[PDB]
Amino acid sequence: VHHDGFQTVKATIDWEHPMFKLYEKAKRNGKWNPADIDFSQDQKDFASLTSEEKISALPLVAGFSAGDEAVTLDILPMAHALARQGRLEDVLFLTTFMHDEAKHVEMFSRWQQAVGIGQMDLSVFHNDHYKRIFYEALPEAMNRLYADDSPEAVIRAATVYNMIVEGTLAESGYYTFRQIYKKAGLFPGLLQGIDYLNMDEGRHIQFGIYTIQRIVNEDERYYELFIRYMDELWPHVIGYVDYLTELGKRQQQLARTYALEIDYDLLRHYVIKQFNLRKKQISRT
């Protein structure tokens, strides 16, 4: 439908808006290019591994590659809905958000190509719980915004995307990568990429916090919805974590070879801790 006018003709950008400030930071801190990462040592590492060691790393890469691809596609409805509400500074920031996720897809796909597994179908490592989050609940909640941009809908979208997928699962994934392979001295290019992703992610999570809090600020009963939507998804979060844990416990050879005492119970407590601290970053009042 028609534009009735344009904010930067009638006035200017709201230079003090929190999302204009986050946009400015995204530009300053978002120059990294996956095409510049040197994966040559990663190719040698992967080739040096036994078949049993090779498998160890793939479940986590399968979760990230599909996850980054899903969030690249699935942020578009949020950008649309806030655009239609006239939230110009949010939209500007979301152009950095979307471009970040494109680079994330690129990074994991470059790693897979470089180490020689691009032709391998890693979908085998998505269990039913993962599919419920990433194949279903995430696209459902985001696409809803095209026909329903009510405060409830927007809260639910930000909860699933920014607070669960990013703020709980992605953060725990970055922590897991470091805990395992940074210890081993394995895959330096991938770990460089992970550091860049984890930096981008701080802004993504802050968008979600801002968005949920500004709706809760209008009506503190939306706080209860936020908690409810977090708890609805917890069973699939932990069901995926338990599945990856079980895979890790069955395939021990990378841990033994590289003298990693992989503390799966500690990783599980990191996930629980992530989930709970995301809840605490939203104030009921």
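Note that residue numbering follows the sequence shown and begins at 1.
With 240 to 248 and 253 to 261 compared on mean CA B-factor from the PDB entry, the stretch scoring higher is 253 to 261.
The PDB entry records a higher mean C-alpha B factor for 189 to 197 than for its counterpart among 189 to 197 and 95 to 103. Each of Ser172, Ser123, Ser109, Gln206 has a CA temperature factor in the record; the biggest one is found at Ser123.
Note on the listed residues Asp219, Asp68, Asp42, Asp36: the highest Cα temperature factor in the record is that of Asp219. In the deposited entry, the Cα temperature factor of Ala26 places it in the lowest third of its chain's modelled residues. Residue-level temperature factors show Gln213 in the middle third of its chain, judged at the C-alpha atom. Annotation for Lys183: C-alpha temperature factor in the highest third relative to the rest of the modelled chain, per the entry. In the PDB entry, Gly202 places in the lowest third of its chain by CA B-factor.
Placement of the Cα temperature factor of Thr176 within the chain: middle third of the modelled residues, per the deposited record.
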